Ligand SMILES: *[C@@H]1O[C@H](CO)[C@@H](O[C@@H]2O[C@H](CO)[C@@H](O[C@@H]3O[C@H](CO)[C@@H](O)[C@H](O[C@H]4O[C@H](CO)[C@@H](O)[C@H](O)[C@@H]4O[C@H]4O[C@H](CO)[C@@H](O)[C@H](O)[C@@H]4O[C@H]4O[C@H](CO)[C@@H](O)[C@H](O)[C@@H]4O)[C@@H]3O)[C@H](O)[C@H]2NC(C)=O)[C@H](O)[C@H]1NC(C)=O
Ligand SMILES: *[C@@H]1O[C@H](CO)[C@@H](O[C@@H]2O[C@H](CO)[C@@H](O[C@@H]3O[C@H](CO)[C@@H](O)[C@H](O[C@H]4O[C@H](CO)[C@@H](O)[C@H](O)[C@@H]4O[C@H]4O[C@H](CO)[C@@H](O)[C@H](O)[C@@H]4O[C@H]4O[C@H](CO)[C@@H](O)[C@H](O)[C@@H]4O)[C@@H]3O)[C@H](O)[C@H]2NC(C)=O)[C@H](O)[C@H]1NC(C)=O
Ligand SMILES: *[C@@H]1O[C@H](CO)[C@@H](O[C@@H]2O[C@H](CO)[C@@H](O[C@@H]3O[C@H](CO)[C@@H](O)[C@H](O[C@H]4O[C@H](CO)[C@@H](O)[C@H](O)[C@@H]4O[C@H]4O[C@H](CO)[C@@H](O)[C@H](O)[C@@H]4O[C@H]4O[C@H](CO)[C@@H](O)[C@H](O)[C@@H]4O)[C@@H]3O)[C@H](O)[C@H]2NC(C)=O)[C@H](O)[C@H]1NC(C)=O
Ligand SMILES: *[C@@H]1O[C@H](CO)[C@@H](O[C@@H]2O[C@H](CO)[C@@H](O[C@@H]3O[C@H](CO)[C@@H](O)[C@H](O[C@H]4O[C@H](CO)[C@@H](O)[C@H](O)[C@@H]4O[C@H]4O[C@H](CO)[C@@H](O)[C@H](O)[C@@H]4O[C@H]4O[C@H](CO)[C@@H](O)[C@H](O)[C@@H]4O)[C@@H]3O)[C@H](O)[C@H]2NC(C)=O)[C@H](O)[C@H]1NC(C)=O
Ligand SMILES: *[C@@H]1O[C@H](CO)[C@@H](O)[C@H](O)[C@H]1NC(C)=O
Ligand SMILES: *[C@@H]1O[C@H](CO)[C@@H](O)[C@H](O)[C@H]1NC(C)=O
Ligand SMILES: *[C@@H]1O[C@H](CO)[C@@H](O)[C@H](O)[C@H]1NC(C)=O
Ligand SMILES: *[C@@H]1O[C@H](CO)[C@@H](O)[C@H](O)[C@H]1NC(C)=O
Ligand SMILES: [Ca+2]
Ligand SMILES: [Ca+2]
Ligand SMILES: [Ca+2]
Ligand SMILES: [Ca+2]
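Protein chains in written order, with this note's numbering: chain A, 1096 to 1483; chain B, 1096 to 1483; chain C, 1096 to 1483; chain D, 1096 to 1483.
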C-alpha cells in the first residue's frame, strides 16, 4: 500500500453525471433507517463511502422527535458503502456532532467533535485507533468541515473553527500524519469568516471553498501549502455567488478579496472548484432558502472579479424541492483526478408539516468529460405518508 | 487478475437445472423488502449477483402505491449476491430506470440511465467510479438491456435504443474499455426494431437475442463483431416464436429475416441461444399474457426458417402463475461456458388489484449436461396475505 | 489452498462442551426471522456455518401458516456463519426441499433437491456454479442427508435415497469431484432401509450413521470406500438404540446386522461415531416423541452386539423440551479431527397448536478432551408470546 | 501473522478522549436490537469489536420480560465491530452467561461459561473451533472477567472464580495456548475476594484490577507472571476507592494490602491502571448506586497508601444518569500501548419500573496524550418512549 499523492491533472469537465442516490426518507416510512444530517462522501482507492451524523435514533422511533437540534451527545458518525442506506447494521465510527473523514491511501482518518459547546473535544482516529485529541481553543463550538479532508503523501489536512458564528472567529488548519497532529497553522489572508470548508487536492497543495457566516454571501477560499504549512485566503471571484442567503444575480457582487456585505449573515455549506480562469460551482436555486440545487460554470469566474457569464447549467434538484448542505469529493481515475459532489436533501420539521423529526437523504453526481441530458432527483418522500 | 475472454466452447446442454429463487414477495409480507422490477443476474469470476431496478421504496410502505410506473427519479440499481433478497442493507449501485451490468474479469461495469424521458443521461461506472456519460441521441427514452452486458479481452459491449417503441428507432452498440466509450456502431442488418437485448459471449464475438416491439413476435438477433465493431442483425429462425404477444404455435411464422407481422406490437424481454442448427429458448406459456414460463429446444430452430419441431420442454413456471421479463447470463466452468437464465415473476397491479404496488421475485435456472425431472417454481405469494 | 484429507486421528473424547445456540424462535417474536427446518452445520477450514431449509417466508408473516409441509417449491437452502440467526440478509444458496453441503478445502459443494415428488431434480453446485444435475431414479421423492457431506482429497461423497419410506428403497452413494458426479455406487450390505445419513471422515474412508424408517429402531451404518467406491452396511451394535420411536432400554435390541423389528416404522435423523470398540451417540430422551436430547458412550457399543453399558451421559435438552433432527459434523484441529453435533429444536404445529407455523432453532455441541458440568439448552421460546 | 507481545511502553496519558457510543436503547424503540448486559471491548491488530451477553431476545419482544436474571441457557456472547449496534445480523459466538475474549495476534480466543449454577461448563474456543473445556471446581457459579483477556507471545491468561460471592472463594488463573489450557495457578497474595477482573498487558506480565464482593470497597489487584505462572495480589493503594458501594471520599481508606471493611459487600466491575506511582481510575459518581461515571488520576495512588490527591477529573456520564459495569482494554499504537475503557449504561428493571426488561448501551473512551474538554455521554433513551 502506498500513500495517495493525487498527482494527476484534474479531469476535463463538461458538467456532471448522476452517480448515487440513497432514498433514505422514502425507505424510512417502511423500515428502520437512521435519522441523520450533515452527510458527505469520501472514497478509499477502491470504493466510495457515504457518511453522516446520526441523531442516535431511527426515524420511525419516538426519539426522532426534536432532532432539529444540531448538537446532542448521542450524535455519532455513520459510515456505509455509498448507496447503502443507513440501516441498523450501519457502523457508528465515533462520537461526533461535527466531523471530517479522509483516506490517505493506507487507512481512514476521522476527525470527530463532541461534548459541551463551551468546551468540546476533537478526537483523531486513524486506522481504527484513537491517536490524538484537542480541546476547544475559543470555548465556542469547536467545529469542522462536514466533508472529506485531503491527504497528500501521508499528510492529511483539515480546517477547523472555534468562536463566533456572527463575528471574528479562530480558524486553524491542522496537519495530521497517521492520526497525529504535527502542525497547526492559523488562518491567514483576506477571508474574514470561514466555516464548513469543502476541500480538494490540487497537487501538491490543497484548496478549500468554504462558508462565510458573517459578512459574505460570496464563498471564501482557503489555500493550504502542504510543504511549508503556509495559508492564504480570499473569496471566489464569481459575481454569481454561492452562499444562501445571497443577493439576486441582478445585484450580487464579489471582488475576489473581501466579504461582499450582501446578506452576509448565515449561510449553507457548499463547494466550487477552479479550472484555469473559470469556476465550476453549485448553489441552491433559491437565494433565500435551502431549496433546489443547480450547477454551472462561470466563464472567468475564478480570475475575473464580478464575472457573471454562466454556461452549462444543470438542475440537480428542481426549485420546488428541498436541498441542504453540499460538498466536494475527489476520485482518482486512470489519468486524471475527477471532482464529484453530494447534495443533502433535508426533510421534516420545521419547514414541513405533520412530522416531529428532521432528517435527510442524499444525491450524488460526478464530473464527466462526456455528454448528458436533464432531470431532477429530489428526496421523493411524501410528507403525508411519513410516520410523525 | 486477467481479463475474461470466454474462450471455451459452449457446454453440452440437455436442458436446465434449478439454481436460485429469492421468494421476494412472500418475504415482503413479513419484512422490509425493496419494491423492484427488471431484475437480472450476472456473475464475477467467483460468484453470481442478482440485480434489479428499485422503486425507491420497500413494499410494506405507503410509497409502494402506484409503482407500476417505469420511470421515476428514485429508481436505483440494486446489487446483492444471488439469493440474498433485496433487504434494507442492499447497495444501490447507481441511479437508473434502465440498466445493464457486467464484469470484465477485473471489475464491474454498470450502465445506468436516468433523467427526463426526452433528455436522459447514461452513466458508465467502472471499478466504483464514474468514467463516462452520454446524453440521449433521439430524445425519446434512451434505454438499455435490463440484463448483463458482455466483455471480451477488456472490451465490454452493450446495446442501447433511443426513439419510438412502435416504429423505426435508433439502436446503437457501444464498446467500452474500463468504463470509457471507445466506439459506437449503429444497428445494421434486417432487424427492424430492437429492445432489451439478452446478450452472451460467443468467442470471439457477442450475440444478442432481443425484443421487437413494433412488427415482430419473432425475436431479433444482433451479432456484434468485437474485432472491427461491425454489426449484423436478423430474426430467430424458429417457427415457434419467443415474444408475447404472438400467434398460436399452429399459425406462427419466422423467415429468419423479417419481423413476422404477427401480433408484432408490444412484447416482453426474453432470450434464446444457438447450438449448431438448433436453438434453446424460453417464452411465456401464454401467447397473450406474461403468464407461465417454458423452455425447450427447437430442432433446426437456429438455421431452418419456420422450424417447429420441439423437444426437451421444461415447465419453469406453470401457466396458472405469473412470469415477466427473462434474460440470459453466462457462467465459465472448468472446460466450457454455460448458459443460464432468470425469470422475473411480477406481482401486483395492474393485473392484481387487491394491492396498489407492482413488484417481482425471481427464479433462476442453469444449463445442465446431466438429467432432471419436472416441477414449477412460481412467485408463491398469496395476494390476500400481502400488505396493500 | 489444498484439498482437505482429514488425515489426522480422531480427537480424544470425554464428552461434549457447548459450542453454539441461535435462539431463532425467541428472536422471531421480535424481528424478521426465516421459518426453517432440517438445519445442519458444516465448516470450511476457517469457520463454521449453519444451514437450514427455509420455507420461503419469515415467521411473523401470514405465509408461515401451514409450514408443516415438507416439500414446497419455495424451500431454499439458507447459509449463515454459525450463530448468525436466519435474518432477512441470509443468502439462499439454492432451491431445495432436501440438501447436503460440504467444503473440500477449496470450495463449497451443495446438493439441492427440488421439484415434483415423482420426478425431482438434484442440482450439484460447486464454487458458486451449477456443475451437474440428476433426475429421480425411483420416481418417489429423491432425497438426501440433511447434514454435511464429506470430501477427501478432492472427492466428495453423499448418500441419496429414492423410493418407499416404508419398504425397500433405492439408496445410492454418489462420488463428486469439483461438482461433477464421477461415480455412483448402489447401497450394499445388510442395512435394509437408509435415510438421512450423518456422515464423517474416517481417513481414508467415510462412515455414515443413518435412519431406518422401515423395520429398524437401531441405526444403520453405511461404510464408503473412497478408493474403489465399494459400499458396506450394517447396524450400530449398541443395545441402547438411537432411533425414535424405539423400545425402552430394558427390552431394546441390536444384533449389528439386521433391523431389530422393534417399533421400526418411522424414525428421526440422528448420529453416532465409533471410538475403537465403543460408540458415542445421541438420541431423543423420549422413546416415543422428539422430546429431550441426551448423549452418552456405550462401552463395547461399536463391537459387541446388544451392549448396554453406558457412561458419560449428558443432557443436552431436558425431557420437558422439544428436540428434532440431529447430525454430526467434523472439525479439524491442530493434531486431531474433532466430532461435533447439532440438535434441531422444533417448535409449532402439529404438537403446539396455538400457532399455525412450524419452525426450529438450533443448539450445537463439540467433542472435548477436557471436563464439563451439566445443564439444559432448549429452544426457550414461550409459545404464548409468539405471533400465531 | 505474528503473535502479539505488547512490548511497547504505555502511552503518555493526560486523560481520555471520546471513542465510541452505540445508542442501543434509543435504537431499540425503533428497531430490532438485542437485549444485553455485561458488555466489553477488545481489538484485533486492526479493528475493535464490541461484545456483550445477549438474553436470547430483542427488546421489543415479549421475551424481554424479566431479563434482570443473570443466568439463563439462552444467553450467548455477541460480537460486532465496535459501533455496530446489536442488530439481528449479530453473530452469537458461543453460549455464555459469563465470558472473556481476546486476540493473540493470530486468532480470537473466547472463554464462555454456561449451564447449571452448581455445575457449569467453560468452553474455550480458538480460531473458530472448540479446543478445550473445564467444569466447575467449587460447584458455585464458575465465572470470569466480563472483559478482555490478555495474550503475550501466544499465551493468553484469564481469571476465573468459583464459590461464594460473600465469603472465601476459589479464584484460579488459567494460561491458554491456541485454546488449550496449559497451566492453572491458584490465586495467591493478600486479595481476599476476586471477581470480574479488568486485565491489561504490562510486558512481560499481565496486571488485573478486580472487584472484591465481600469485605472490600477498595479494588483488588492480581499480578500474573507470564514466565513462571506465579501469582501475586493486593489492593489499589488509592484512598479514593473504586468500588460501589463505598464510603464517601472523606472517610474511605485503603492500605494497599487488605480489604478496607468499608461497605465491602457487593460491588461493581471496574478498572484502574498504574503509571509509576500514580493511578488512573474510573468509578461511579454515586457512592451508593451505579449512577454517573468519572475518571481521574490519583497522585501517589499506586504507591502511597490512602493517597487522596486527585487531578485531571473527567465526567463521562453525569450523576443524573445510569452507568453500570466498566472495564479496560488496550490498543497498540505506533510506539506505545494505549489504555481505553468502556462504560455499560444499564436501563430498565429493577430501578426503572415502567418497562419489564433490563438492557444496556455502551460508551467508550481512549487514553490521549493530547487535550480535551468536558461533556456527558449517557444512554440517552427516554424511558417513557420505550416498548415495555
Ligand atoms: C438536454 O440537456 C442538455 C444538457 O443538460 C441541455 O443543454 C444545456 O442547456 C442549458 C440551458 O440552456 C445550458 O446552460 C445555459 O447556458 C447559457 C449560455 O449559453 C446561459 O446563458 C444559461 O444561463 C442562463 O439561463 C439559466 C436558465 O437556463 C438561468 O438559470 C441563468 O441564471 C442564466 O440566466 C441569466 O443570464 C441570461 C443571459 O444573460 C439572461 O438572459 C437571464 O435573464 C438571466 O439573467 C440574470 O443573471 C445575469 C447574470 O448571469 C444578470 O446579468 C441578469 O441581470 C439577470 O440577473 C445556462 O447556463 C447548457 O450550456 C446546455 N448544455 C450543453 C452541454 O449544451 C439541453 O437544453 C436539454 N434539452 C432539453 C430539451 O431538455
Ligand atoms: C420426468 O421429467 C422428465 C424431464 O423433464 C420428462 O421428460 C421430458 O418430457 C417432455 C414432455 O414429454 C419432453 O419434451 C417433449 O418432447 C417431444 C418430442 O419427443 C415434443 O413433441 C414435446 O412437445 C410437444 O408437447 C408439449 C407438451 O409436452 C407441448 O407444449 C408442445 O407444444 C408440443 O406439442 C405440439 O406438438 C405435438 C407433436 O407435433 C402435438 O401433438 C401437439 O398437439 C402440439 O402441436 C402444436 O404445436 C405444433 C408445433 O410444435 C403445431 O404443428 C401444431 O399444429 C400444434 O399447434 C416436448 O418438447 C422432454 O424431451 C423430456 N425430457 C427428457 C430429457 O427426456 C418426463 O416426462 C417426466 N416424467 C413424468 C412421468 O413426469
Ligand atoms: C456435574 O457434571 C458431571 C459431568 O456432566 C456429572 O458427571 C456425570 O454424571 C453422569 C450421571 O451419573 C455420568 O453418567 C453415568 O455413568 C454411569 C456409569 O458410571 C451410568 O450407569 C449412567 O447411566 C445410567 O443412569 C442414567 C441417568 O444418570 C440413565 O439415563 C441411564 O439409562 C443409566 O441408567 C441405567 O443403568 C443404571 C445402572 O445400570 C440403572 O440403575 C438404571 O435403572 C438404568 O438401567 C436401565 O438401562 C440399562 C442399560 O443402560 C439396562 O440394562 C437396564 O435394565 C435398564 O433399562 C450414566 O451414563 C457421567 O459419567 C458423569 N461424567 C463424568 C465425566 O464424570 C456430575 O454428576 C455432575 N454433578 C452434579 C451434582 O450435577
Ligand atoms: C474544560 O475542560 C477541561 C478538561 O476537562 C477542564 O479542566 C479540568 O478541570 C478539572 C476540574 O477542575 C480538573 O480536575 C481537578 O483537578 C484538581 C487539582 O488541580 C482536583 O482538586 C479536582 O478534584 C476535586 O474537585 C472535583 C470536582 O472538580 C471533585 O469531584 C473531587 O472530589 C475533588 O474535590 C475534593 O478535593 C477538593 C480539594 O481538596 C475539595 O475542595 C473538595 O471539597 C473535595 O474534597 C473531598 O474529597 C477529598 C479527597 O480528594 C477529601 O479530602 C475531602 O474531605 C472531601 O471529601 C479535579 O481532579 C482537571 O485537572 C482539568 N484538566 C486539565 C487537563 O486541565 C476545564 O475546567 C474545562 N473548562 C471550564 C471553564 O470548565
Ligand atoms: C414531540 O414532543 C413534544 C414535546 O416536546 C410533544 O408535544 C409532541 O406531542 C411529541 N410528538 C409526538 C408525535 O409524540
Ligand atoms: C393508493 O393511492 C390511491 C390514489 O391516491 C388511493 O385511492 C389508494 O387508497 C392508495 N392505497 C392505499 C393502500 O393507501
Ligand atoms: C391459517 O390457515 C387456516 C386454514 O386456511 C385458517 O383456518 C387459519 O385461520 C389461518 N391462521 C391465521 C392466523 O390466519
Ligand atoms: C411481564 O410478566 C409479568 C409476570 O407474568 C406480567 O405481570 C407483566 O404484565 C409482563 N409485562 C408485559 C409488558 O407483558
Ligand atoms: Ca454568508
Ligand atoms: Ca413484439
Ligand atoms: Ca425406525
Ligand atoms: Ca465490594
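Ideal Cβ positions, reconstructed from N, Cα and C, are used throughout, including at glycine.
Practice problem: Verify the contact flag: residue 1308(B), CB atom, against every heavy atom of ligand 10, threshold strictly below 8 Å. | Solution: In this structure, residue 1308(B) has its beta carbon less than 8 Å from a heavy atom of ligand 10.
Practice problem: Check the Cβ-Cβ distances between residue 1146(A) and every residue of chain D, and say whether any is below 9 Å. | Solution: no
Self-check item: Contacts of residue 1461(A) in chain B (Cβ-Cβ under 7 Å)
Solution: 1225
Quiz item: What's the gap between the Cα of residue 1348(A) and the Cα of residue 1455(B)?
Solution: 54 Å
Self-check item: Whether residue 1475(C) touches residue 1151(D) by CB criterion (9 Å)
Solution: Yes, they are a contact pair.
Practice problem: Could you tell me which uninterrupted beta strand (DSSP E) segments, each at least 3 residues in length, are contained entirely in the stretch 1282 to 1330 of chain C, listed from first to last along the chain? | Solution: 1290 to 1297, 1300 to 1306, 1315 to 1319, 1326 to 1330
Exercise. Would you tell me roughly how many angstroms separate the C-alpha atoms of residue 1426(C) and residue 1198(C), rounded to the nearest one?
Key: 11 Å
Quiz item: Would DSSP call residue 1345(C) helix, strand or coil?
Solution: coil
Quiz item: Hey, would you say the C-beta of residue 1483(A) is under 8 Å away from at least one heavy atom of ligand 5?
Solution: yes
Practice problem: Please name the residue or residues paired with residue 1132(C) in a DSSP beta bridge. | Solution: 1148(C)
Quiz item: Got a sec? Which residues, its chain only, sit under 6 Å from residue 1183(B) by beta carbon, not counting five neighbours each side?
Solution: 1127
Quiz item: Any heavy atom of ligand 8 closer than 8 Å to the CB of residue 1364(C)?
Solution: no
Quiz item: Which partner residues of residue 1113(B) appear in the DSSP bridge assignment?
Solution: 1460(B)
Quiz item: For a contact meaning CB atoms closer than 7 Å, what does residue 1176(A) contact in chain B?
Solution: 1186
Quiz item: Mind checking residue 1141(C): buried by the 16 CB within 10 Å criterion, or exposed?
Solution: Exposed.
Quiz prompt | Short-range partners of chain C found in the stretch 1141 to 1166 of chain B, where Cβ spacing is below 9 Å | solution = 1141, 1142, 1143
Quiz item: Can residue 1146(D) and residue 1460(D) be called in contact, C-beta distance under 9 Å?
Solution: No, these two residues do not count as a Cβ contact at 9 Å.
Quiz item: So is residue 1158(C) buried or exposed if we call it buried at 16+ other beta carbons inside 10 Å?
Solution: buried
Quiz item: Which residues in the same chain as residue 1491(D) place their Cβ atom closer than 7 Å to its Cβ, once the five residues preceding and following it in sequence are excluded?
Solution: This structure does not reach residue 1491(D), given that chain D is present from 1096 up to 1483, and the question cannot be answered.
Quiz item: Taking 8 Å as the cut-off, is the CB of residue 1406(A) close to at least one heavy atom of ligand 1?
Solution: yes
Quiz item: Checking contacts by CB at 9 Å: is residue 1429(C) closer than that to chain D?
Solution: At a cut-off of 9 Å between beta-carbon atoms, residue 1429(C) makes contact with chain D.
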